[PDB]
Structure formats: structure tokens, C-alpha cells
């Protein structure tokens, strides 16, 4: 029913997750009801073989902050089948964050949420700091992006 969900193809597809970011990465699998499920994390510069399936949807996040990362230069990874026996690579990288978002990341990394509103900054930035990245926000945006260019 949710458009962004894995399909139960039951068709094995071997993938290699390759973390080419400086972040500890959390692979996130969107299950058949479109709910996110975590898998074990990947240290920077580490690769790992995974047994996945045709049509299964994956996202990748900073394991500690949930910032979004790219996989093969886009936000969603969906394997097809292994071509002539070769593993499918999912190359995970850092996006070029806006300077504002990167600043929000660094301030969130240094200040407890309960203290955001004690910071002496333009007050619109309080809600910006509190609007933490998260998978469901991105799923909403990605879904309406999909229907928008679908029409």
C-alpha cells in the first residue's frame, strides 16, 4: 500500500555495502510494509557482503545522528539481479550538505536538545535545530517527489 516498500520477490541478489564516508553507517531496510529496519553498522572504509533480494529498498544513515547519506549518488538503493555472477555494489558516500545543514549537524553534535533554546542565536534556528533528520521525514518527501514526477 505504501509505495516505498520492498517487494517479496524471493529472488536472491548479493550486494556489497561499501562505506566510502567518514561516518559510521546504518543500513536501513524498508520492509514489506514500508517500515524501516536497522542492520548492523559499517565503520568508515569497510565493505560487507549482504544477501538481499530483487526489488528490496535500502537507505543509509549516520548511525549516531541519522543524517542522510548517498548510495551510488542517490538516496535509495534497490538491487536488481546479479549480472553474470557479480555482486552488486552499494557505494555509500557523504552528500555535499548545505552549509546551514552542516552547521546544524555540528551544533546538534555539541549541545543537548534540552539546551538548544539556551543558545544565543536567531530564534528561527531553534526549530531548525529541533527538526532532526529522520527516515520517516525523508520517506514522506521521497514519496511525494515520486508521485510528482510520475505525473
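Residue numbers count along the first chain shown, from 1.
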Checklist entry - Which is higher in the entry, the mean Cα B factor of 136-144 or that of 15-23? => result 136-144
Item to check | Average Cα temperature factor in the PDB entry - higher stretch of 119-127, 87-95 | outcome: 119-127
Item to check | Most elevated Cα B-factor in the entry, residues 68, 55, 36, 47 | outcome: 47
Checklist entry - Of the three thirds of its chain by CA temperature factor, lowest, middle or highest, which one includes residue 100? => result lowest
Next on the checklist: What third of the chain does residue 28 rank in for C-alpha temperature factor, lowest, middle or highest?
Outcome noted: lowest
Item to check | Record-listed C-alpha B factor of residue 112: chain third | outcome: highest
